[PDB]
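> got a structure for you, letters missing:
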């Protein structure tokens, strides 16, 4: 049976057992790549540091 | 016999059978480096695209 489910993205993430855009995340101060398959959960999240783009980056990449 | 030939560059190119500065050119929408010797004519010309110089280029080349 095909069923459309409406709600907030966190509710839809819990219903789907998959993270969706705009759903609550969880941060762990362990990088997600260091976790084994069983230790990972949908919604485990990492905010990286920043990188400022330069004209030098355009030149070097091209 | 040595002869001085005065005229427009285009006339001098046609007389010389060599292209000279300021003479009419022919653009062909096929890159000139793809033509065999016999297909090439003096005056076959290509305008390339542009490249903007940057401080990064000075640094990288130095």
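Now that the structure is in, tell me what you want to look at. Residues are numbered from 1 along each chain as shown, chains lettered A, B, ... in the order given.

> Would you state the helices of chain A in chain order?
A:9-16, A:55-61 (DSSP state H).

> and those as CSV, adding mean neighbour count and distance to chain B?
C-beta here means a position set from N, CA and C on the backbone, and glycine is covered the same way. Output for the helices of chain A, formatted as CSV (neighbours: other Cβ atoms under 10 Å in any protein chain shown; distance: least, Cβ to the nearest Cβ, whole Å):
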stretch, mean neighbour count, distance to chain B
helix A:9-16, 15, 42
helix A:55-61, 12, 4
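
> closest to residue A:38 out of those helices?
When the helices of chain A are compared by Cβ to Cβ, helix A:9-16 sits nearest residue A:38, at 19.4 Å.

> what residues does that closest one touch?
With contact meaning Cβ atoms under 8 Å, 6 or more residues apart in numbering or on different chains, helix A:9-16 is reached by A:5, A:7, A:19-24, A:42-43.

> Same question for stretch A:42-54.
A:13, A:17-19, A:23-28, A:31-32, A:35, B:56.

> List the buried residues in that stretch.
Neighbour-count burial for stretch A:42-54, counted by 16 or more other Cβ atoms under 10 Å in any protein chain shown, picks out residue A:43.
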